[PDB]
Amino acid sequence: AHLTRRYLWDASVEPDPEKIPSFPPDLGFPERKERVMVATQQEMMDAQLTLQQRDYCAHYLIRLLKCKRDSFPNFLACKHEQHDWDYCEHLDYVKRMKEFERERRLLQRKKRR
Amino acid sequence: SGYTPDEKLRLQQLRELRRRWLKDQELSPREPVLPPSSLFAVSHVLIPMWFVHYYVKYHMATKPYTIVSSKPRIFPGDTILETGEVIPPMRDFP
Amino acid sequence: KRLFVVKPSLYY
Amino acid sequence: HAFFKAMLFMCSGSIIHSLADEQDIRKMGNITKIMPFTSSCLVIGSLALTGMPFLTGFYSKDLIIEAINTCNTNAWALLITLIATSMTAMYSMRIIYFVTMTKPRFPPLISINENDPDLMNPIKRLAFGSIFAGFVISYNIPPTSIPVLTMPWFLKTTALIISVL
Amino acid sequence: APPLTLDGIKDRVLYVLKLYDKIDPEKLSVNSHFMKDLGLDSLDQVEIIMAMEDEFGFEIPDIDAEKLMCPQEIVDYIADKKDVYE
Amino acid sequence: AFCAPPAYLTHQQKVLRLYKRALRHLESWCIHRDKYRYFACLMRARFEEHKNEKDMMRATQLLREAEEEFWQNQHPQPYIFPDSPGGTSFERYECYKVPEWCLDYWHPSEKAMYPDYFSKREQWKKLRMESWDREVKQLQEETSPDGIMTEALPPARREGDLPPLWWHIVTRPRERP
Amino acid sequence: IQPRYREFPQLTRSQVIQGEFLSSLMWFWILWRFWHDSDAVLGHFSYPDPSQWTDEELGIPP
Amino acid sequence: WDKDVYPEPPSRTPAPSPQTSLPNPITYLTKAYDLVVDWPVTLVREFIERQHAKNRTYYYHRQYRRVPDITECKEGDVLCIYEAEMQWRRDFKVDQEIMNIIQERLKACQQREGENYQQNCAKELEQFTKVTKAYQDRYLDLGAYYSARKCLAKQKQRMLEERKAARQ
Amino acid sequence: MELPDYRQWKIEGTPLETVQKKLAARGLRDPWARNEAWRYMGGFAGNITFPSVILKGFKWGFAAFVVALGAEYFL
Amino acid sequence: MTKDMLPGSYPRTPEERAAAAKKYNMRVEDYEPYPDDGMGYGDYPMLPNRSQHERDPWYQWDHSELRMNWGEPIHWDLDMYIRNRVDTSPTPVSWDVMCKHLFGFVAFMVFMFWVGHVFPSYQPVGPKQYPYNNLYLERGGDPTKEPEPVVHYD
Amino acid sequence: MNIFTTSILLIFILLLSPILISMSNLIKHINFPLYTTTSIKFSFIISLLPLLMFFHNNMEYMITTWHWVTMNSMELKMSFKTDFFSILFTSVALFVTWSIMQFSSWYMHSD
Amino acid sequence: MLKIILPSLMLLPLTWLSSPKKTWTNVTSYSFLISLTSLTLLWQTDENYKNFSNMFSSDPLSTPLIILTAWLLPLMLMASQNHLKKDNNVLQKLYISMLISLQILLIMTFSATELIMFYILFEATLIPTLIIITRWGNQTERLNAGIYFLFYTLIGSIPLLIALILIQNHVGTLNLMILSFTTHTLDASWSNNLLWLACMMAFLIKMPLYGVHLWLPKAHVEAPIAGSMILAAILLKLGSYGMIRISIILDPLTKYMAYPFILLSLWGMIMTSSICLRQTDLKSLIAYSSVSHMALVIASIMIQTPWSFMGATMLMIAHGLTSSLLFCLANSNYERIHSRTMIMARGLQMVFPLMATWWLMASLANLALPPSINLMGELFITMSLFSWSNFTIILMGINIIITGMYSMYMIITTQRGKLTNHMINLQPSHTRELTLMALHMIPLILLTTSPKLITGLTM
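The rules behind these values
- Residues numbered from 1 in each chain as written, not as in the entry; some residues may be left out.
- Chains lettered and ligands numbered in written order.
- Part of a larger assembly, values for the part shown.
- Heavy atoms only, no water.
- Helix = DSSP H or I, 4+ residues; strand = E, 2+ residues; numbered from the N terminus.
- Buried < 20%, exposed > 50% of the residue type's maximum accessible area, 1.4 Å probe, protein only.
- Areas by Shrake-Rupley, 256 points an atom, 1.4 Å probe, with all protein chains shown as cover.
- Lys, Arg positive; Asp, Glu negative; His and termini not counted.
- Charge placed at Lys NZ, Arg CZ, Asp CG, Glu CD.
- Expected span 1.5 Å × (residues − 1).
- Contact = heavy atoms within 4.5 Å.
- Buried area = accessible area lost by both parts, 1.4 Å probe.
- Salt bridge = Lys/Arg side-chain N within 4 Å of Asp/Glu carboxyl O.
- Polar contact = N/O pair within 3.5 Å; in protein donor to acceptor, adjacent residues only side chain to side chain.
- Nonpolar A, V, L, I, M, F, W, Y, C, P; charged D, E, K, R; others polar.
- Pairing = 2+ DSSP bridges.
- Axes fitted to C-alpha atoms, helices over the stretch in contact; angles between N-to-C directions.
- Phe/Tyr/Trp six-rings, centres within 6.5 Å; stacked < 30°, edge-to-face > 60°.
- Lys NZ or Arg CZ within 6 Å of the ring centre and 35° of its normal.
- Parallel < 35°, antiparallel > 145°, perpendicular 65-115°, else oblique.
- Left-handed = near helix turned anticlockwise from the far one by under 90°.

Determination of this PDB entry was carried out by cryo-EM to a resolution of 3.9 Å, according to the record.

Enquirer: Which parts of the structure should I look at to understand the overall build of chain G?
Expert: Helix and strand counts for chain G come out as 3 helices and 1 strand. When the helices and strands of chain G are placed in sequence order, the string is β-α-α-α. Judged by the C-alpha coordinates and their principal axes, chain G covers about 90 × 25 × 10 Å. In chain G, buried positions account for 44% of the 62 residues. Just so you have it, chain G exposes about 3,400 Å², and 61% of that area is on carbon and sulfur atoms. The positive charge centre, built from 4 side chains, and the negative charge centre, built from 8, are 39 Å apart in chain G.

Enquirer: What's the story with helix α7 (residues 142-171) of chain L in this structure? I'm lost.
Expert: For the α-helix, the turn length of 3.6 residues means that residues three or four positions removed from each other point alike. Residues and elements named next belong to chain L. With 30 residues, α7 should cover 44 Å at 1.5 Å per step; its first-to-last C-alpha distance of 43 Å lies within 8% of that length. Within α7, the full set of buried residues consists of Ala-145, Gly-146, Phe-149, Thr-153, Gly-156, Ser-157, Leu-160, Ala-163, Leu-164 and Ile-167. Of the surrounding secondary structure, the elements contacted by the buried residues of α7 are α5 (115-123), α6 (126-136), α8 (176-182), α9 (190-206), α10 (215-222) and α11 (225-246). In the stretch just after α7, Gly-172 is the one whose phi turns positive, near 110°.

Enquirer: Explain the interface of chain J and chain F here, please?
Expert: Quoted interface sizes are often the accessible area lost when the parts come together. Contacts between chain J and chain F engage 8 residues on the former and 9 residues on the latter. Taken over both partners, the interface formed by chain J and chain F buries close to 820 Å², and the fraction arising from carbon and sulfur atoms is 56%. Viewed at the interface, chain F and chain J are joined by 1 salt bridge. Across the pair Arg-83 of chain J and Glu-91 of chain F runs a salt bridge whose closest N-O atoms are separated by 3.5 Å. Scanning the region where chain J abuts chain F turns up 1 residue pair in polar contact. Class assignment for the residues of the side of chain J that touches chain F results in 5 nonpolar, 2 polar and 1 charged.

Enquirer: Please explain the sheet that holds strand β2 (residues 75-82) of chain K as it appears in this structure.
Expert: Taken in spatial order, the 3 strands make up an open sheet running β1(B)-β1(K)-β2(K), and their pairing is antiparallel. In this open sheet, the two edge strands, each paired with only one partner strand, are β1 (67-69) of chain B together with β2 of chain K. Strand-to-strand twist in this sheet, taken as the mean axis angle between neighbours without regard to direction, amounts to 25°. Two elements, β1 of chain B and strand β1 (residues 61-70) of chain K, share 3 bridges in a ladder whose sense is antiparallel. Along β1 of chain K, the bridge assignment pairs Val-68 of chain B with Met-62 of chain K.

Enquirer: Before we go on, may I ask you to explain the interface of chain D and chain G in this structure?
Expert: Taken together, the 37 residues of chain D in the interface contact 35 residues of chain G. Both faces considered, chain D and chain G share a buried interface measuring about 3,100 Å² in area, 74% of it formed by carbon and sulfur atoms. At the junction of chain D and chain G, the tally comes to 0 salt bridges. Along the contact surface separating chain D from chain G lie 9 residue pairs in polar contact. At the level of elements, α2 (31-34), α3 (36-49), α4 (58-69), β1 (109-110) and α6 (117-140) of chain D are the ones that each hand at least two residues to the side of chain D that touches chain G. When grouped by side-chain class, the residues that make up the side of chain D that touches chain G number 26 nonpolar, 6 polar and 5 charged. Strand direction decides the pairing type here: β1 of chain D and strand β1 (residues 4-5) of chain G, joined by 2 bridges, are antiparallel.

Enquirer: Explanation requested: the packing of aromatic side chains in the structure shown.
Expert: The relative placement of two aromatic rings is captured by the distance of their centres and the angle of their planes. One pass over the full model with this rule turns up 84 aromatic pairs over all chains. Consider the rings of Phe-56 of chain E and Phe-58 of chain E, whose centres lie 6.5 Å apart with planes at 75°: the pair is edge-to-face. Classification of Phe-56 of chain E by relative accessible area gives buried; the value is 10%. Pairing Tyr-38 of chain F with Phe-39 of chain F gives two aromatic rings, centres 5.0 Å apart and planes at 75°, and the pair type is edge-to-face. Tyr-38 of chain F gets classed as buried once you look at its relative accessible area, which sits at 16%. For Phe-39 of chain F, a relative accessible area of 34% translates into the label partly exposed. Taken together, the ring pairs in this structure connect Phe-54, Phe-58, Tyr-59, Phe-132, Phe-135 and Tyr-139 of chain D together with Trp-29 and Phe-34 of chain G into an aromatic cluster. Here the basic side chain of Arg-90 of chain H rests over the ring of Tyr-64 of chain H, its NZ or CZ set 5.1 Å away from the ring centre.

Enquirer: Got a minute to help me understand the pairing of β1 of chain K in this structure?
Expert: For a regular strand, the rule is simple: side chains alternate between the two faces of the sheet. Residue and element names in this part refer to chain K. Pairing of β1 with β2, which is carried by 7 bridges, proceeds in the antiparallel orientation. Bridge pairing in β2 places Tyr-61 opposite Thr-82. Counted between consecutive antiparallel strands, the loop separating β1 from β2 contains 4 residues, among which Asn-72 sits at a positive phi close to 40°.

Enquirer: Teacher, can you tell me more about the side chain of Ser-28 of chain F here?
Expert: For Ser-28 of chain F, the position within the fold is in helix α1 (residues 11-29). Classification of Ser-28 of chain F as buried rests on a relative accessible area of 3%. Within the structure, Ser-28 of chain F has its side chain in polar contact with the backbone nitrogen of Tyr-79 of chain F (distance 3.1 Å). When sequence neighbours within four positions are dropped, the list of residues in contact with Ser-28 of chain F reads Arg-26 of chain D together with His-75, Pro-78 and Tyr-79 of chain F.

Enquirer: For this particular structure, what's the right way to read the packing of α9 of chain L against α11 of chain L?
Expert: Each pair of packed helices gets described by two things: the angle between the helix axes and the distance between those axes. Residue and element names in this part refer to chain L. At a minimum axis separation of 7 Å, α9 and α11 run at an interaxial angle of 155°. Between α9 and α11, the crossing angle belongs to the class labelled roughly antiparallel. Crossing geometry of α9 relative to α11 is assigned as left-handed. Here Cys-199, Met-200, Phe-203, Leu-204 and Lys-206 of α9 come into contact with α11, specifically with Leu-235, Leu-236, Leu-238, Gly-239, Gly-242, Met-243 and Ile-246. Considering only residue class, the contact of α9 with α11 consists of 9 nonpolar, 2 polar and 1 charged.

Enquirer: Looking at this structure, I do not really get the environment of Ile-9 of chain E. What am I missing?
Expert: Residues and elements named next belong to chain E. Among the secondary structure elements, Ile-9 is positioned in helix α1 (residues 6-19). Considered as a pair, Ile-9 and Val-84 are 75 residues apart in the sequence and their alpha carbons are 9.4 Å apart. Those residues in contact with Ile-9, other than ones at most four positions away along the chain, are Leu-4, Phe-56, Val-75, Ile-78, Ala-79 and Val-84.

Enquirer: Looking at this model, I keep getting lost on unusual backbone geometry. Mind explaining?
Expert: One can expect most non-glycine residues to show negative phi and most peptide bonds to be in trans. Cis rather than trans, the peptide bond between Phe-72 of chain A and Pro-73 of chain A has omega equal to 5°. Structurally, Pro-73 of chain A can be placed in the loop between α3 (58-71) and α4 (79-110). The amide bond that connects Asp-251 of chain L to the next residue, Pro-252 of chain L, takes the cis arrangement and shows omega of 5°. The residue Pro-252 of chain L is located in the loop between α11 and α12 (254-257) in this model.

Enquirer: Would you take a moment to explain the side chain of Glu-433 of chain L for this structure?
Expert: Residue and element names in this part refer to chain L. The residue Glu-433 is located in helix α19 (residues 431-449) in this model. Under the relative-accessibility criterion, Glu-433 is labelled buried at 3%. In contact with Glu-433, other than residues within four places in its own chain, are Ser-332, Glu-335, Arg-336 and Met-355.

Enquirer: What is the right way to look at the arrangement of the chains in this model?
Expert: The chain pair with the greatest number of contacts, out of 34 pairs of chains in contact, is formed by chains D and G. Of all C-alpha pairs spanning chain B and chain G, none lies closer than 20 Å, and the two are not in contact. Nothing in chain A touches chain L; the tightest C-alpha to C-alpha distance between them is still 35 Å.

Enquirer: Help me understand the pattern of salt bridges, please; the structure alone is not making it clear to me.
Expert: Should their charged atoms come close, side chains of opposite charge can pair. If you walk through the whole model with that rule in mind, you get 73 salt bridges over all chains. In this structure, the salt-bridge partner of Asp-6 of chain B is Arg-157 of chain F, at a minimum N-O distance of 3.5 Å. With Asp-6 of chain B in helix α1 (residues 5-24) and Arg-157 of chain F in the segment after α5 (115-142), this pair bridges two chains.

Rendered as structure tokens:
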């Protein structure tokens, strides 16, 4: 895959995991809305979220924790909320994959003259 | 190969003696001549519990910082028992 | 049936 | 893994005791037919060790391998780890075969009794553990680490394919 | 486990020797010598000792094994090692 | 364990030992019983193929070649009988094989618990006391005139006499105490 | 209890039934969990294809 | 428990907020524990406290009047030097206990905050750092034979250094 | 103690018979086959298969699975 | 014990050698004194350097686990060579080949670990993005100072 | 909280009970293996409760029992850290030890 | 202190005026009661050290040693009760008098206020110990061992006398309080370096430094059990105590005059611990273990940090008790098999099951089992030396491994393994021996409960 391309064929086009992003955030985006978060820093703290957990799906995770606590003892009544939280994380992961792809195509473009 | 006559005789004699000793080892029917419900629950899970809870409550807790606990989780729409505050809600998402 | 098992003196 | 490793050890102890303190897997055979309870629990233990879907092992080892395959890692370390994951299946098969599938090899004077409750009940308890505790713990424990759930099909089912292979 | 007994050992050793083809089960008897009475070879005796070893789950050190040349001697060796007739 | 090793071994003993060792290693290699029989029969065929060789120099050369081949083909991890030296539970019960001379130190109150056994033991001690003198004289008189000696001991020749040096052979602890 | 020599021992029905019951429990659990949670095995969320994404999708300029 | 010397933020436990038909085992186990264990134990403790109310006795924290420091002692005057040295030792170990109290505060803060400790324990970390700097400047590098005179010499060395730095 | 009668043990129709055939084809015979015949016969007769050992109780587990699934759909 | 029965100095003449052999219960031809390097060995016999593991296991030795009979000459290094320590027993594989194999396996492992370090394996994804200035406040940052605005986008 | 800490300490007390009984003449008169198995069973049952509390409110405790010594500004207290790791592993270890302690009676009856 | 000294002196009249039958019982009992009386020195509820008169004083450093000395005498009498079984009454009473005199002198030494008290009462210990080794020892070389023990210490001590006289001439006194409260900095002149050596060498020899440790392996395998016990419980600590009391004046020279002896200690510890692996004499193995532990003590004392001093004191006490117990155990087996080889007797757990328990506990104390005060001491010394230089952890770790190794080697070689069935004479353990081991262990367990007692002056 991309690893094969980076290690065997050319590496100029292929990204580097550390470097991304390696281009201005506006090149090709005339308007680039900044990311939004639903939870406040205060709420994310009160829910005792760990630093790694304190991402952009914080609201979904907080909902999950609230409903787990509320459903105790029954621990199987949180499937919908957990699915939604993992779905939010999947969306974030796709956003990061799109960042990777962006950088790849931009480097291919830069390979000019 | 094979035992010599002396070896065969010796082994037979030692066999007889060995089996006599082994039979000697038997103990007679009188040989071990000995000379002349929740009870467990109450006396091992409750009696110790009284002492231990006495210690905890009336010594450990009474000392400072002995029993420290992490903050209980607080969520939106959650009501604090003591102050009565109601933590505010969450901005809706699309 | 039951055979004497020799043991080191434990009385002391 | 505490559960099914303890269970495997107990099953092996049952076998060793019932046979004349034999521990070689060359002089054990056809145990599945002669000691149904111990062999059944041993099979459960092996299938837990090589995490088959939804047993106790699977509710941990699979996620471990998932994170391994989808985290920045030493390439060689990843490769040998996967090979060793498959090779665990290989030696578990070694046991399940040479100790439970081939025609008997033990000494002729059979004297096999596992009907003792002090043996049956403990192994029963640990088998129920190996069958449920994984799911129970995994579903009850609070969130801690964000897991990576998006990945290619081959990465997603890599552990299962290598184990079965 | 079932404790061993002298007649039991005799029965089992006789069983194995009976199932050995080279020995005709008719002539076979407790006191019958191997190489002379039964007309066997030293290799055959080696295999006899190996078979009895397997039967009883214990090893005969070859110095002692070579000497046992009759079923009675094998029975007596097993008895002496395993302390049978209490 | 019940017979002293000879000064040396003859071709017969050496070859028989090799036969046994090679057969056991062949079994360890061939787990299944049918396969083991198949190959053990071939092994006996090979061993007997040179059974009658009256040129002992060639016989010894053949034996040396067989031994080197054995060392090349020996199973790295062979089969060991549980009680056999080097096998699990080789000495597992030596903790409880406490000797008989300890009973002499038992407190009389402990001996009271077992009255009859100690009476029989007293008989045995009396017998040993009686027999020591005769057995020592027996060995002294049966010593070979020449300076050639072997570990093997003599049997009881006279009547009503215990075999020489029998206390340690007899009375040894039971295998599984 | 009875020791048997060169023969298959009669199996007490207790161990038979209990072993079959534990094995059947394992298989029932696996099948039920597969039916109600086949995501854990067969996949969770459809992994997209980076190839198809358009230059408009990623905001590349020409 | 002097809350001042041992500060302890307030408790903020949330509402029961049940959303399950099933009964929470914890509430019933706690009720059983209360009634069975706490009640008799409290009876015993109350009896002991009444017995203590009878035969009450008092003990007083000792007060040590100040005495001249080693700075006020003429060289080789063992009589005064002994008193100055003992005073210094008592102050030394009182400082030790100060450090213990502040370290206990830091540990309790870490445990209380949990995963917010990287921000909410900043105040106590700052206090701990300042007090440990003070402790280092007071008693560190003093041999096992630490003494008021060594402390004075160390302080004067540091004061000479600071005076030089100020001049330059 | 009933030691079974030795005439009971024969090689015919047992896997070792093939070994005996392949041996006599080389001009060799084993004298011991009857000693180990007991293993390849009687209640020990029959060959186990890894799929069979794995699917120990699959039938009952599948029956219970069907019962549970029908119950869940009905409720 | 007396002088004649206790050890002594290096046997300097054949009659001394014979007397020493008789003292040690060893044959006059088997007895060999340690080399006269002046390291205290003196008269003590030089015995074969084979561990007690090699001794016959089935024999009824006088001193059992030691596997030595009464009166037998005792190696100068018996404590090292007891069954619980060094084992000079023959091995199924030659020591040289064993060393080669073990060290070669180690070399291959470390080399390939270096290969992996230089060429890691990673999934095709961008770095995880965190909010609030990479959580400046709750990742251990002073409130007064303002971190460089680190932004994220879509 | 009292119940949680009390249970944590009671687990260790229960586990020490067999030892103290062993150092007494009552060991001869009681069936010691069964007594120890029972103690382990009860200890596991006790441990279940703190596990439930943690699964509910996920509150972790630092419990300081005895002040062993003070070493010039370094107190050594007999501390306990009850949290996810400790609580769950105590439960699991007690379960597995209950099973193995019952199985030890069978495997070691003769010894 | 004179409520403890005078009863000790009066033990002697009791020993000599008692009837032959009741002499052992009377002296043992009254010695236990003197030990009890010695606990009064633990009522230090203030930081002001105790000074009972112009002559005698006590401190946090001296109280534990004095109490240990008092505790040892009853145990010494019990340990000696047997091998003196068939000696004439006057000879037995002579032995008891020697032990009583040793206790008196050692208590006075540890409670002395002036270093020329200390220099006299410290060397007066040579006479009783020399007599114990030479007169009642077994083998022939006890005379040579006595000569070594006497003269190593005397050669060390004479320079100490010269240095002390110079100190008194220069200062005007030798009261340790006055020296402490009027000390002044030494200058790095060659004469001052020579002094430093003169003051330190006698104590370093008594704390056998690696190069001058040849008199312990001899004195111990030639001395009777009581001699070994008192020696490597108290006499060895005389050197450490002297070093601790006297180093106050000898500053700042120590910073660079300690490199040689720190290095010798940190290397000889490894060398001796290794020697313990391949030694065929149980008494010698214990002696070399003691040498390694005293190597640690010397390193810590010569680095002088608070941790160093406190851990050194703790380990001093812990080693006292543990080595004493080990020697009593080895003497227990010696009284039966009449040999000192470790290989000879094996598997004795099959005949002395409880004494095997005591052996195990002693080996654990030796190998440093947490939370035992033995470990605590070694751990704190390790922390000190690591602070001094972070590379010492290598030597410390190698020594820890080897320490565990010989400690378990003793147990496996002796207690475990096939019983040497040919030993008919092995007799059931005497209640005397068992009580002796219990009296050694129980104080260790109680102090592990209450370490605050045995910390040094610093902490």
